[PDB]
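Working notes for the structure below.
Don't worry about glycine lacking a Cβ; one is built from the backbone with ideal geometry, like all the others, and counts go over all protein chains shown. We did not get these values from a lab; they are worked out from the coordinates using the rules stated.
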């Protein structure tokens, strides 16, 4: 609705930074509303949905198994690894690592799964093959969060991420059991409370994944809708602000409040 665009512009003003926004109808792929749809933004942890989508396509193809246990050691642990640090002794299965990477944004789990897949170049090859010629992963955790101005490495565009998310979630690329497993991990997100979830009405569905990075970068990709079903994809990215984490969260939650008021 154009009143949400008023709130996105107001957020650009309050944060003193670019905000990219898109609202996409999940059924038809129709772009309902957009602001900077084709400017690049750092993906940060929102790439971990894409990563487990690549993992699940290998599971579907018989090239990977969800129950396979990955062992790793203290040498692999990078900053913000709340779940992998606690499982050094016995390792974790592919399924556990995707739950940790999505639900808890665990950085080591993402690196371990990127190794399983053949690294950033293979996730980017996977994206290219499903028609996304924009999103690219170039580095590993934690480097990919750097968000240096004008750098195309590890970026997407709001319109590209929304279209890719839609394909992953409703297209024939993944088996329905796999699409459902990706949706379940996103629904179980534990780390995005102050963002769209704080504006979500009772009874609504949300599956999402947040990200934060350097230079004020913050973002969220989400599939949400009334009556327990997703019917729209919302993607929101910001970078460049010098505002605190709480101010960045606050403005994204106010963009959410506007889009839900005007649904």
- Rounded, prolate or oblate: which fits region 85-228 when a ≥ b ≥ c are the square roots of the eigenvalues of the alpha-carbon gyration tensor, with rounded for a/c under 1.5 and prolate only if a/b beats b/c? rounded
- Message: I'd like the distance between the alpha-carbon centres of region 78-105 and region 32-63, rounded to an integer number of Å.
- Response: 19
- Message: Taking 8 Å as the Cα distance limit and 6 or more residues as the minimum spacing, I'd like the relative contact order of the chain as a percentage.
- Response: 27
- So the FRET efficiency between residue 140 and residue 3, C-beta based with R0 = 41 Å and rounded to 0.05, is 0.50
- Please report Rg over Rh for region 56-140, where both radii come from the alpha carbon positions and Rh follows the Kirkwood definition. 0.98
- Query: What is the spin-label model distance, in nm, from residue 77 to residue 25 if the labels are put 7 Å beyond Cα along the C-beta direction?
  - Reply: 5.0
- Item | Two-site FRET efficiency, residue 151 against residue 242, from Cβ-Cβ distance with R₀ of 25 Å, rounded to 0.05 | 0.85
- Inter-part distance where region 135-149 and region 184-244 are each reduced to a Cα centre, Å: 20
- Task: Mind pulling the angle between the C-alpha long axis of helix 176-187 and the longest principal axis of the chain? Nearest 10 degrees, somewhere in 0 to 90.
- Result: 60
- C-alpha long axis of helix 94-103 to longest principal axis of the chain, angle in °: 20
- State, to one decimal in nm, how far the label point of residue 184 lies from the label point of residue 263, with both points 7 Å from Cα in the Cβ direction. 2.4
- Kindly express, to the nearest 10 degrees and within the range 0 to 90, the angle between helix 47-60's C-alpha long axis and the longest C-alpha principal axis of the chain. 50
- One finds, for residue 121 and residue 13 with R0 = 41 angstrom and r their Cβ-Cβ distance, a FRET efficiency to the nearest 0.05 of 0.60
- By the Kirkwood definition, with r running over pairs of different Cα atoms, the chain has a hydrodynamic radius in Å of 18.2
